[PDB]
Structures are given as C-alpha cells and as structure tokens.
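To begin, one chain is listed below as structure tokens, in the form deposited in one PDB entry.
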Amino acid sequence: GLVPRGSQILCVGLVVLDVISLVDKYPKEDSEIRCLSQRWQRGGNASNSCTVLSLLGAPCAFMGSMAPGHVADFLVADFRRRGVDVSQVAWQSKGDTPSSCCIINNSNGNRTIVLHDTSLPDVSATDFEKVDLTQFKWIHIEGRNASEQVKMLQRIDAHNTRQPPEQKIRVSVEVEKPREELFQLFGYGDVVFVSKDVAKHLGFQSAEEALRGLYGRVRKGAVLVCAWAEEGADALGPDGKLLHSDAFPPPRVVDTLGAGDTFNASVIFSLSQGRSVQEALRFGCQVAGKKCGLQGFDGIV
C-alpha cells in the first residue's frame, strides 16, 4: 500500500525463529521430558529492533533474506502481528530461514542452543539498489556482509548529497559480532552502535575505554554509542564530550534476550524525533531496562 515519503525506519539485518523451552533440569540423552513453559519467539538483531520501533509508534520495515517455508510463514505472520512492513524482504528461491531450539534450565539459567543455519545468501548491494529510498527517514544496518553493506551505505550517501538537510536520510550502523571484516563499517553512518563483545574483543574493559579507543575509526560528524549492561550506556560525538546514562534496572531481571536491540531501536527512535544524544541515551536505557523485567517485548510501553 501507499507509504508516505520520509516516514519509515528501515532495519537491514537478520531474522531467526527461536523455539525456547524452559525445563526443570537439562534432559539426559534419549529421554522424554515435559517443559515448564515454551514460546516461539522471532529473533535477530534488525528483526527485534523493528518489533520495538513498531511498539514505540514508528512506521518501520525489515529487510533481510528469507526462504519460503513453514519457518518463514510463522516469522512473516509474527512481523505483521507487531505491525512491521515486510515488502523489502529479499526472498531466496532455495534454502531455509534460520531457526533454533533453545533449552533453558530453570535451576541455573543455563542455555543450550541447537542452531539450524543453512548459510542463506545475505542481502546484496544489487538487492538494496532496487529499494526506493524516498519512503525512509532513517536506515539502520546490522553488520553482516560488510563489503556489500559498504556499497549500500555509499548509495545512501549519494542520495543524501542531492537532498535538502530536511529530506536527508539519517543512517545508523551496528557492529555487534567480533568479526574483523565488520570493523570497516565503523567509518559509515551518523550513529555507530558498538557492542560490549566487540569492545572486549578489541581489549576495552568499559564503555568509556571503547568510545575513546574507537572514535578515530568513525567518519567526521558521527556519534559512537556503546551500551554496557548494568553499567548503563555511553555516547561520544564530534565535540569530544563523553555522554553517559545510568541503567534503569528492573526490580527483578527475567529476560535480557534482545535488550541490546531494544536499546538500539530506542536510541534510533528518540534521535529520529529530534531529541539530543543525551536524551536518546537515557531513553534507550529506560526502555531496555524495562524490557529486562519482562518476557519478550510485550509490555515495554
């Protein structure tokens, strides 16, 4: 249907079906046990961020590879259940959409994951070149196939050079997995989200150390953001002033799966509304902190 100009937030990245089962004790091999609870939860970083952007009230769209099948049918219906637009999905003619079986032991919180990843072709620069960029106000890219994603980012920059400052598309990039191929993406985007895992892999022990050590990698003008679980989150911009927000921990922590995605989506949402980087950091910690006290994304607003 008709999407108004410069209204949607696009998240380019991964999607996975997690069939999560909570059990009294980890099952012994060749045995049948009944789980305490079970939920089929749609995952993936860009996918979870779309869920949160929709609940926060922002029109959003997901762009990622999916192959026709039972897993894709469940995931598409789950995207629609959360009000996410899926018209940009790169549908692959062969393969399986990723899915996993996660067993969580209630006795000690241990989590055993049996992942089924058929190495499905990622979204390419050719696929992204067919996307009409006018319907988007913000494009968030989850670091995955950096060499192709750099061409996607160069296409958005070309679009912005011939647009007034009001109609320019804001860009954010997430370097979450500690893969050396992804570190070229630091030099792209207006906002760069770096994970605690990437920071620790590169020898940084805190958000302050990570932002001071990695700011030289971002392009001129960019804001580098780093969330650090119970230690809150920090941001660093061109003025060189480190910004910080304390965490807003829930009374009881029940589920941190997707807390980083809730933080990213909430920082994007607040900045796309014209709020300052300090205000967006606080909002991101506030929404991600509330999410940690809830199972899934229901009730974050």
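Whichever C-alpha set is largest while still superposing within 1.5 Å between the two forms counts as the rigid core. The first residue of the shown sequence is 1; numbering continues from there.
Comparing 226-234 with 115-123, the higher mean C-alpha B-factor in the PDB entry belongs to 115-123. As recorded in the PDB entry, 21-29 is the stretch of 276-284 and 21-29 with the greater mean C-alpha temperature factor. Per the PDB record, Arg162 has a higher Cα B-factor than any other of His140, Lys137, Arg81, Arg162. Among all modelled residues in its chain, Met63 ranks in the lowest third by Cα B-factor. When the modelled residues of the chain are ordered by C-alpha B-factor, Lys200 sits in the middle third. Compared with the other modelled residues of the chain, the Cα B-factor recorded for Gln38 ranks in the highest third. The PDB entry assigns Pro251 a C-alpha temperature factor belonging to the highest third of its chain's modelled residues.
Ranked within its chain, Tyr215 lands in the middle third, by CA B factor from the PDB record.
What follows is about the form deposited in another entry, which we do not show.
Just a single entry of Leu211, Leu182, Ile104, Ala90 exceeds or equals a 2 Å CA shift between this form and the one not shown, which is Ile104 (rigid core superposed).
Once the cores line up, the CA of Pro249 ends up less than 2 angstroms apart between this form and the one not shown.
Once the rigid core is used as the reference frame, the Cα position of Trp40 differs between this form and the one not shown by less than 2 Å. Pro27 shows a C-alpha shift of 2 Å or greater between this form and the one not shown [criterion: core-superposed Cα displacement of 2 Å].
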